[PDB]
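Student: This is the content of upload-v4.cif (mmCIF, C-alpha atoms):
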```cif
data_input
loop_
_atom_site.label_atom_id
_atom_site.label_comp_id
_atom_site.auth_asym_id
_atom_site.auth_seq_id
_atom_site.Cartn_x
_atom_site.Cartn_y
_atom_site.Cartn_z
CA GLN H 140 177.36 33.12 -38.18
CA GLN H 141 174.28 33.08 -35.89
CA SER H 142 172.04 30.15 -34.95
CA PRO H 143 168.23 30.60 -34.85
CA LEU H 144 166.89 32.80 -32.06
CA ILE H 145 165.76 31.00 -28.91
CA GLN H 146 162.97 32.62 -26.91
CA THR H 147 161.57 31.18 -23.76
CA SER H 148 159.62 32.44 -20.75
CA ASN H 149 157.89 31.27 -17.61
CA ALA H 150 154.83 33.37 -18.58
CA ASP H 151 151.77 31.14 -18.44
CA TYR H 152 147.97 31.27 -18.43
CA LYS H 153 147.94 33.83 -15.58
CA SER H 154 149.25 36.38 -18.09
CA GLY H 155 146.23 35.85 -20.42
CA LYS H 156 146.56 37.33 -23.93
CA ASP H 157 149.97 38.77 -23.16
CA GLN H 158 151.56 35.34 -22.62
CA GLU H 159 152.96 35.03 -26.16
CA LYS H 160 154.09 38.62 -26.29
CA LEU H 161 155.94 38.17 -22.97
CA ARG H 162 157.52 34.96 -24.34
CA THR H 163 158.89 36.69 -27.42
CA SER H 164 160.09 39.97 -25.82
CA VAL H 165 163.89 39.33 -25.93
CA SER H 166 165.98 39.34 -29.04
CA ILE H 167 169.64 39.12 -29.84
CA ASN H 168 171.12 40.05 -33.21
CA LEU H 169 174.73 39.76 -34.30
CA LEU H 170 176.19 43.03 -35.75
CA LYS H 171 179.74 41.89 -36.51
CA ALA H 172 181.90 38.86 -35.66
CA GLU H 173 185.42 39.11 -37.10
CA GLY H 175 188.87 38.61 -32.49
CA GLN H 176 185.80 40.77 -31.59
CA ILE H 177 182.10 40.18 -31.50
CA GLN H 178 179.49 42.99 -31.40
CA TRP H 179 175.74 42.30 -30.94
CA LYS H 180 172.50 44.03 -30.08
CA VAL H 181 170.07 42.98 -27.40
CA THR H 182 166.49 44.22 -27.69
CA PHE H 183 164.00 44.06 -24.83
CA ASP H 184 160.39 44.73 -25.75
CA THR H 185 159.09 46.20 -22.49
CA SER H 186 155.60 47.06 -24.01
CA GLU H 187 153.61 44.45 -22.03
CA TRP H 188 155.66 44.37 -18.86
CA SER H 189 154.29 47.37 -16.89
CA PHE H 190 157.74 48.43 -15.75
CA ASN H 191 156.45 51.98 -15.33
CA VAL H 192 154.13 50.57 -12.56
CA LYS H 193 156.50 48.07 -10.95
CA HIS H 194 160.16 48.10 -12.17
CA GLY H 195 162.02 45.19 -13.74
CA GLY H 196 165.58 44.19 -14.45
CA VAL H 197 167.71 42.96 -17.33
CA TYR H 198 170.65 40.62 -17.56
CA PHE H 199 173.33 40.08 -20.23
CA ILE H 200 175.11 36.71 -20.04
CA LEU H 201 178.48 36.17 -21.67
CA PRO H 202 180.34 32.94 -22.36
CA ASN H 203 183.79 31.81 -21.39
CA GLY H 204 186.11 33.03 -24.10
CA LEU H 205 184.60 36.60 -24.45
CA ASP H 206 185.45 39.66 -22.35
CA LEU H 207 183.03 42.56 -22.52
CA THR H 208 184.82 45.73 -23.76
CA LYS H 209 181.83 48.09 -24.30
CA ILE H 210 178.10 48.18 -23.56
CA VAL H 211 175.89 51.07 -24.76
CA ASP H 212 172.33 51.57 -23.41
CA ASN H 213 169.13 52.62 -25.21
CA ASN H 214 170.10 56.32 -24.72
CA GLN H 215 173.39 55.68 -26.57
CA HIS H 216 175.26 56.12 -23.26
CA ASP H 217 178.39 54.03 -22.71
CA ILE H 218 177.69 52.34 -19.41
CA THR H 219 180.62 49.97 -19.38
CA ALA H 220 182.35 51.70 -16.49
CA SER H 221 179.12 51.58 -14.44
CA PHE H 222 179.58 47.88 -13.73
CA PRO H 223 181.74 46.64 -10.84
CA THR H 224 184.61 44.35 -11.61
CA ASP H 225 184.98 42.76 -8.18
CA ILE H 226 181.84 40.85 -7.10
CA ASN H 227 182.55 41.69 -3.45
CA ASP H 228 182.79 45.39 -3.91
CA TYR H 229 180.30 47.22 -1.75
CA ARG H 230 179.16 49.04 -4.97
CA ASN H 231 178.16 45.57 -6.18
CA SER H 232 175.59 45.01 -3.44
CA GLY H 233 171.93 44.40 -4.07
CA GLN H 234 170.87 48.03 -3.64
CA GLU H 235 172.89 49.02 -6.67
CA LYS H 236 171.49 49.63 -10.18
CA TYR H 237 174.48 47.99 -12.00
CA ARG H 238 175.77 44.68 -10.84
CA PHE H 239 178.30 42.07 -12.11
CA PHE H 240 178.62 38.37 -11.36
CA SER H 241 181.38 36.01 -12.51
CA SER H 242 181.86 32.27 -12.24
CA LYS H 243 185.64 32.98 -11.78
CA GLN H 244 184.86 34.89 -8.56
CA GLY H 245 181.87 33.27 -6.80
CA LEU H 246 179.27 30.55 -7.48
CA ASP H 247 176.70 30.29 -4.81
CA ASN H 248 175.71 33.00 -2.37
CA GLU H 249 173.68 36.04 -3.25
CA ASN H 250 176.33 37.48 -5.62
CA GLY H 251 177.22 34.06 -7.09
CA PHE H 252 176.96 33.24 -10.72
CA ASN H 253 174.75 30.16 -10.13
CA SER H 254 172.37 32.04 -7.83
CA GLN H 255 172.03 34.87 -10.28
CA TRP H 256 171.59 32.36 -13.16
CA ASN H 257 168.84 30.70 -11.23
CA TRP H 258 167.15 34.09 -10.68
CA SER H 259 167.40 34.96 -14.36
CA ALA H 260 167.85 32.50 -17.25
CA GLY H 261 167.17 29.47 -14.95
CA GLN H 262 163.64 30.94 -14.26
CA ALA H 263 162.71 31.53 -17.84
CA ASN H 264 161.92 27.86 -18.81
CA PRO H 265 165.20 27.62 -20.68
CA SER H 266 165.44 25.12 -23.50
CA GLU H 267 167.81 22.14 -23.65
CA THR H 268 170.39 24.20 -25.67
CA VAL H 269 170.57 26.87 -22.96
CA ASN H 270 170.63 24.30 -20.13
CA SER H 271 173.55 22.41 -21.87
CA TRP H 272 175.52 25.69 -22.05
CA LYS H 273 175.12 26.07 -18.28
CA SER H 274 175.93 22.45 -17.36
CA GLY H 275 178.95 22.43 -19.68
CA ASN H 276 180.42 25.48 -17.89
CA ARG H 277 180.21 27.47 -21.17
CA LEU H 278 178.90 30.64 -19.53
CA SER H 279 180.75 32.85 -17.11
CA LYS H 280 179.68 36.49 -16.64
CA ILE H 281 176.37 38.20 -15.93
CA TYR H 282 175.87 41.98 -16.17
CA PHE H 283 172.62 43.11 -14.47
CA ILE H 284 170.70 46.45 -14.59
CA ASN H 285 167.99 47.07 -12.01
CA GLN H 286 165.28 49.78 -12.03
CA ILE H 287 164.13 49.31 -15.53
CA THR H 288 161.01 51.47 -15.88
CA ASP H 289 160.65 51.89 -19.62
CA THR H 290 157.65 51.03 -21.76
CA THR H 291 159.27 51.00 -25.20
CA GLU H 292 161.69 48.70 -26.96
CA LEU H 293 165.13 49.09 -25.40
CA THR H 294 168.23 48.27 -27.42
CA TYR H 295 171.65 47.69 -25.88
CA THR H 296 174.79 47.32 -28.00
CA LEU H 297 177.56 45.08 -26.62
CA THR H 298 181.13 44.56 -27.89
CA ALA H 299 183.48 41.87 -26.56
CA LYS H 300 186.95 40.62 -27.25
CA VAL H 301 187.63 37.00 -27.97
CA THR H 302 190.08 35.70 -25.32
CA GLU H 303 190.23 32.05 -26.45
CA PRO H 304 191.99 31.57 -29.70
CA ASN H 305 190.81 27.97 -30.16
CA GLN H 306 187.13 28.78 -29.74
CA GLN H 307 184.69 29.22 -32.61
CA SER H 308 181.30 29.07 -30.90
CA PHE H 309 180.03 31.76 -28.57
CA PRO H 310 176.60 31.51 -26.82
CA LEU H 311 174.99 34.89 -26.14
CA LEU H 312 171.97 35.33 -23.87
CA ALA H 313 169.85 38.03 -22.30
CA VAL H 314 167.04 37.94 -19.79
CA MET H 315 164.36 40.43 -18.54
CA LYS H 316 161.93 40.10 -15.66
CA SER H 317 159.49 41.89 -13.42
CA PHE H 318 160.52 42.20 -9.74
CA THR H 319 156.71 42.24 -8.76
CA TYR H 320 154.45 40.41 -11.25
CA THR H 321 154.48 36.62 -11.03
CA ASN H 322 153.24 33.61 -13.03
CA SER H 323 150.67 31.05 -11.69
CA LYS H 324 153.53 29.39 -9.68
CA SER H 325 154.36 32.78 -7.93
CA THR H 326 157.69 33.07 -9.79
CA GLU H 327 158.60 36.48 -11.21
CA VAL H 328 157.59 36.63 -14.88
CA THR H 329 160.92 36.11 -16.73
CA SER H 330 161.81 35.86 -20.38
CA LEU H 331 165.01 35.01 -22.32
CA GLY H 332 166.53 35.44 -25.71
CA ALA H 333 169.63 33.47 -26.93
CA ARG H 334 171.62 32.67 -30.07
CA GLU H 335 175.02 31.05 -30.62
CA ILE H 336 177.59 32.91 -32.71
CA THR H 337 180.08 31.03 -34.92
CA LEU H 338 183.41 32.59 -35.92
CA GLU H 339 185.27 31.41 -39.06
CA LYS H 340 188.49 29.53 -38.20
CA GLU H 341 191.41 31.99 -38.99
CA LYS H 342 194.03 30.37 -41.33
CA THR H 343 197.49 30.83 -39.79
#
```
Starting from the file, lay out its structure as structure tokens.
Tutor:
Amino acid sequence: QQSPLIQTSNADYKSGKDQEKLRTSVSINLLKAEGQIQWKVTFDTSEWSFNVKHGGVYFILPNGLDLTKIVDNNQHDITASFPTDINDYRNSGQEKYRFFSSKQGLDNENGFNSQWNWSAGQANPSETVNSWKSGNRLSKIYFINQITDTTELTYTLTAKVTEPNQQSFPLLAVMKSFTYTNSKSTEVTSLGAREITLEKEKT
């Protein structure tokens, strides 16, 4: 029910012998997929120095799934921390928890394409991830700023299937530094992605 894990990053020779570690820092693992899908996202923050200069993480959901619950690495249900209206003042850039939606806004600072470009679009995404974006398969981004941990962080996400004629569901997650950059002066950014397949329900 899950395709092979995709990991990409814009880390390059400037990161030296951490390049490969930075590239393979994000993982996604299906827990259960049976009108609901539940998955875990793991960010290995060990080589990122977020306790010196903070980073951020992003969870990207496809059209056809609506997030119902997200639990952080402290087992705290943070679902209600995210705005639901992209233009809410509590969704501005000073805020720790932010939400972006292709149904609400595309370009501008709180647009889904801008925030893609600042996250997965920066992480040298592969053709599979780029085809999800160009085919308008992806729609929501949940973002957490002020990540300062140095361990592996696991988030557990649950979503409801909203499209009854859909079997394939791309899931993605991204982490970056907001200070350290690659040789091209772009924030070091890494991604993890897998596609989930649901069995067709007989009716």
Student: For region 186-201 of chain H, list every protein, DNA or RNA residue within 6 Å, evaluated using all atoms listed in the file, and leave out those in the same chain fewer than 4 positions away; present the list as an MDAnalysis selection string.
Tutor: chainID H and resid 278 280:291 311:318
Student: Any idea what's packed within 9 Å of residue 221 (chain H), counting only C-alpha atoms, ignoring anything in its chain fewer than 2 positions away? Could you give it as a ChimeraX atom specification?
Tutor: /H:217-219,223,236-238
Student: I'd like the residues picked by the PyMOL selection byres ((chain H and resi 145) around 6) written out as a compact mmCIF listing (two decimals) with C-alpha atoms, in the coordinates of the input, using the chain letters and numbers from the file.
Tutor:
```
# COMPACT_ATOMS: atom_id res chain seq x y z
CA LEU H 144 166.89 32.80 -32.06
CA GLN H 146 162.97 32.62 -26.91
CA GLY H 332 166.53 35.44 -25.71
CA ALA H 333 169.63 33.47 -26.93
```
Student: Please enumerate the residues selected by the PyMOL selection byres ((chain H and resi 158) around 12) when evaluated against the supplied file, formatted as a PyMOL selection string.
Tutor: chain H and resi 147-157+159-164+187-188+322-323+328-330
Student: Next, write the just-selected residues to a file, as a PDB file, in the frame of the given file, keeping C-alpha atoms as the atom set.
Tutor:
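Listing of result07.pdb after writing:
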```pdb
ATOM      1  CA  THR H 147     161.570  31.180 -23.760  1.00  0.00           C
ATOM      2  CA  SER H 148     159.620  32.440 -20.750  1.00  0.00           C
ATOM      3  CA  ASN H 149     157.890  31.270 -17.610  1.00  0.00           C
ATOM      4  CA  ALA H 150     154.830  33.370 -18.580  1.00  0.00           C
ATOM      5  CA  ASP H 151     151.770  31.140 -18.440  1.00  0.00           C
ATOM      6  CA  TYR H 152     147.970  31.270 -18.430  1.00  0.00           C
ATOM      7  CA  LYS H 153     147.940  33.830 -15.580  1.00  0.00           C
ATOM      8  CA  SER H 154     149.250  36.380 -18.090  1.00  0.00           C
ATOM      9  CA  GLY H 155     146.230  35.850 -20.420  1.00  0.00           C
ATOM     10  CA  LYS H 156     146.560  37.330 -23.930  1.00  0.00           C
ATOM     11  CA  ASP H 157     149.970  38.770 -23.160  1.00  0.00           C
ATOM     12  CA  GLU H 159     152.960  35.030 -26.160  1.00  0.00           C
ATOM     13  CA  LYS H 160     154.090  38.620 -26.290  1.00  0.00           C
ATOM     14  CA  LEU H 161     155.940  38.170 -22.970  1.00  0.00           C
ATOM     15  CA  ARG H 162     157.520  34.960 -24.340  1.00  0.00           C
ATOM     16  CA  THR H 163     158.890  36.690 -27.420  1.00  0.00           C
ATOM     17  CA  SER H 164     160.090  39.970 -25.820  1.00  0.00           C
ATOM     18  CA  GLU H 187     153.610  44.450 -22.030  1.00  0.00           C
ATOM     19  CA  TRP H 188     155.660  44.370 -18.860  1.00  0.00           C
ATOM     20  CA  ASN H 322     153.240  33.610 -13.030  1.00  0.00           C
ATOM     21  CA  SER H 323     150.670  31.050 -11.690  1.00  0.00           C
ATOM     22  CA  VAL H 328     157.590  36.630 -14.880  1.00  0.00           C
ATOM     23  CA  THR H 329     160.920  36.110 -16.730  1.00  0.00           C
ATOM     24  CA  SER H 330     161.810  35.860 -20.380  1.00  0.00           C
TER      25      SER H 330
END
```
Student: Of the candidates H:228, H:267, H:292, H:247, which shows the shortest atom-to-atom distance to residue 184 (chain H), using all atoms listed in the file?
Tutor: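 Looking at the shortest contact to residue 184 (chain H), the residue is H:292.
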Student: Apply the PyMOL selection byres ((chain H and resi 179) around 7) to the displayed file and report the matching residues as a ChimeraX atom specification.
Tutor: /H:167-171,177-178,180-181,296-298
Student: Using all atoms of region 335-342 of chain H listed in the file and a margin of 6 Å per side, can you give the axis-aligned box centre and edge lengths in Å to one decimal, as AutoDock Vina command-line options?
Tutor:
```
--center_x 184.5 --center_y 31.2 --center_z -36.0 --size_x 31.0 --size_y 15.4 --size_z 22.7
```
Student: Restricting the calculation to all atoms listed in the file, which member of H:222, H:306, H:143, H:165 is positioned closest to residue 260 (chain H)?
Tutor: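 Among the listed residues, the smallest separation from residue 260 (chain H) belongs to H:165.
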Student: How would region 156-187 of chain H read, as a PDB file, in the coordinates of the input, once N, CA and C atoms are built in?
Tutor:
```pdb
ATOM      1  N   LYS H 156     146.204  37.148 -22.545  1.00  0.00           N
ATOM      2  CA  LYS H 156     146.560  37.330 -23.930  1.00  0.00           C
ATOM      3  C   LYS H 156     147.830  38.126 -24.085  1.00  0.00           C
ATOM      4  N   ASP H 157     148.579  38.281 -22.986  1.00  0.00           N
ATOM      5  CA  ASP H 157     149.970  38.770 -23.160  1.00  0.00           C
ATOM      6  C   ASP H 157     150.962  37.635 -23.073  1.00  0.00           C
ATOM      7  N   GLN H 158     150.535  36.422 -22.835  1.00  0.00           N
ATOM      8  CA  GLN H 158     151.560  35.340 -22.620  1.00  0.00           C
ATOM      9  C   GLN H 158     152.534  35.280 -23.779  1.00  0.00           C
ATOM     10  N   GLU H 159     152.088  35.202 -25.032  1.00  0.00           N
ATOM     11  CA  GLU H 159     152.960  35.030 -26.160  1.00  0.00           C
ATOM     12  C   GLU H 159     153.843  36.248 -26.390  1.00  0.00           C
ATOM     13  N   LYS H 160     153.316  37.440 -26.146  1.00  0.00           N
ATOM     14  CA  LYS H 160     154.090  38.620 -26.290  1.00  0.00           C
ATOM     15  C   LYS H 160     155.219  38.573 -25.278  1.00  0.00           C
ATOM     16  N   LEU H 161     154.908  38.168 -24.059  1.00  0.00           N
ATOM     17  CA  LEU H 161     155.940  38.170 -22.970  1.00  0.00           C
ATOM     18  C   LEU H 161     157.013  37.128 -23.388  1.00  0.00           C
ATOM     19  N   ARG H 162     156.569  36.019 -23.956  1.00  0.00           N
ATOM     20  CA  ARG H 162     157.520  34.960 -24.340  1.00  0.00           C
ATOM     21  C   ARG H 162     158.523  35.438 -25.387  1.00  0.00           C
ATOM     22  N   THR H 163     158.040  36.279 -26.295  1.00  0.00           N
ATOM     23  CA  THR H 163     158.890  36.690 -27.420  1.00  0.00           C
ATOM     24  C   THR H 163     159.465  38.142 -27.312  1.00  0.00           C
ATOM     25  N   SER H 164     159.644  38.591 -26.065  1.00  0.00           N
ATOM     26  CA  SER H 164     160.090  39.970 -25.820  1.00  0.00           C
ATOM     27  C   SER H 164     161.606  40.171 -25.951  1.00  0.00           C
ATOM     28  N   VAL H 165     162.436  39.116 -25.845  1.00  0.00           N
ATOM     29  CA  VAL H 165     163.890  39.330 -25.930  1.00  0.00           C
ATOM     30  C   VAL H 165     164.445  38.863 -27.234  1.00  0.00           C
ATOM     31  N   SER H 166     165.228  39.775 -27.843  1.00  0.00           N
ATOM     32  CA  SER H 166     165.980  39.340 -29.040  1.00  0.00           C
ATOM     33  C   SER H 166     167.408  39.674 -28.996  1.00  0.00           C
ATOM     34  N   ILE H 167     168.175  38.902 -29.751  1.00  0.00           N
ATOM     35  CA  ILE H 167     169.640  39.120 -29.840  1.00  0.00           C
ATOM     36  C   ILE H 167     170.004  39.064 -31.290  1.00  0.00           C
ATOM     37  N   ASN H 168     170.793  40.015 -31.774  1.00  0.00           N
ATOM     38  CA  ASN H 168     171.120  40.050 -33.210  1.00  0.00           C
ATOM     39  C   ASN H 168     172.587  40.413 -33.344  1.00  0.00           C
ATOM     40  N   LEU H 169     173.289  39.522 -34.005  1.00  0.00           N
ATOM     41  CA  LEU H 169     174.730  39.760 -34.300  1.00  0.00           C
ATOM     42  C   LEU H 169     174.898  40.981 -35.192  1.00  0.00           C
ATOM     43  N   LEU H 170     175.867  41.839 -34.867  1.00  0.00           N
ATOM     44  CA  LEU H 170     176.190  43.030 -35.750  1.00  0.00           C
ATOM     45  C   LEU H 170     177.452  42.668 -36.511  1.00  0.00           C
ATOM     46  N   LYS H 171     178.466  42.143 -35.850  1.00  0.00           N
ATOM     47  CA  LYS H 171     179.740  41.890 -36.510  1.00  0.00           C
ATOM     48  C   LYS H 171     180.532  40.894 -35.706  1.00  0.00           C
ATOM     49  N   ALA H 172     181.103  39.896 -36.363  1.00  0.00           N
ATOM     50  CA  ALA H 172     181.900  38.860 -35.660  1.00  0.00           C
ATOM     51  C   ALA H 172     183.104  38.545 -36.532  1.00  0.00           C
ATOM     52  N   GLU H 173     184.212  39.218 -36.245  1.00  0.00           N
ATOM     53  CA  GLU H 173     185.420  39.110 -37.100  1.00  0.00           C
ATOM     54  C   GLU H 173     186.621  39.450 -36.238  1.00  0.00           C
ATOM     55  N   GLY H 175     188.595  38.594 -33.956  1.00  0.00           N
ATOM     56  CA  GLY H 175     188.870  38.610 -32.490  1.00  0.00           C
ATOM     57  C   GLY H 175     187.899  39.481 -31.650  1.00  0.00           C
ATOM     58  N   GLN H 176     186.851  39.965 -32.283  1.00  0.00           N
ATOM     59  CA  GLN H 176     185.800  40.770 -31.590  1.00  0.00           C
ATOM     60  C   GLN H 176     184.441  40.381 -32.056  1.00  0.00           C
ATOM     61  N   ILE H 177     183.464  40.387 -31.100  1.00  0.00           N
ATOM     62  CA  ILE H 177     182.100  40.180 -31.500  1.00  0.00           C
ATOM     63  C   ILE H 177     181.249  41.346 -30.945  1.00  0.00           C
ATOM     64  N   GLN H 178     180.355  41.839 -31.766  1.00  0.00           N
ATOM     65  CA  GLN H 178     179.490  42.990 -31.400  1.00  0.00           C
ATOM     66  C   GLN H 178     178.082  42.536 -31.702  1.00  0.00           C
ATOM     67  N   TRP H 179     177.132  42.753 -30.758  1.00  0.00           N
ATOM     68  CA  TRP H 179     175.740  42.300 -30.940  1.00  0.00           C
ATOM     69  C   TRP H 179     174.764  43.288 -30.302  1.00  0.00           C
ATOM     70  N   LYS H 180     173.501  43.177 -30.693  1.00  0.00           N
ATOM     71  CA  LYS H 180     172.500  44.030 -30.080  1.00  0.00           C
ATOM     72  C   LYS H 180     171.517  43.159 -29.357  1.00  0.00           C
ATOM     73  N   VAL H 181     171.136  43.647 -28.177  1.00  0.00           N
ATOM     74  CA  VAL H 181     170.070  42.980 -27.400  1.00  0.00           C
ATOM     75  C   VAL H 181     168.860  43.902 -27.329  1.00  0.00           C
ATOM     76  N   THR H 182     167.674  43.377 -27.680  1.00  0.00           N
ATOM     77  CA  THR H 182     166.490  44.220 -27.690  1.00  0.00           C
ATOM     78  C   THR H 182     165.531  43.603 -26.686  1.00  0.00           C
ATOM     79  N   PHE H 183     165.079  44.445 -25.762  1.00  0.00           N
ATOM     80  CA  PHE H 183     164.000  44.060 -24.830  1.00  0.00           C
ATOM     81  C   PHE H 183     162.726  44.797 -25.122  1.00  0.00           C
ATOM     82  N   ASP H 184     161.672  44.046 -25.516  1.00  0.00           N
ATOM     83  CA  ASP H 184     160.390  44.730 -25.750  1.00  0.00           C
ATOM     84  C   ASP H 184     159.643  44.802 -24.453  1.00  0.00           C
ATOM     85  N   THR H 185     159.706  45.981 -23.834  1.00  0.00           N
ATOM     86  CA  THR H 185     159.090  46.200 -22.490  1.00  0.00           C
ATOM     87  C   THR H 185     157.577  46.558 -22.603  1.00  0.00           C
ATOM     88  N   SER H 186     156.985  46.510 -23.819  1.00  0.00           N
ATOM     89  CA  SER H 186     155.600  47.060 -24.010  1.00  0.00           C
ATOM     90  C   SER H 186     154.588  46.415 -23.081  1.00  0.00           C
ATOM     91  N   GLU H 187     154.680  45.103 -22.836  1.00  0.00           N
ATOM     92  CA  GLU H 187     153.610  44.450 -22.030  1.00  0.00           C
ATOM     93  C   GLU H 187     154.005  44.146 -20.607  1.00  0.00           C
TER      94      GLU H 187
END
```
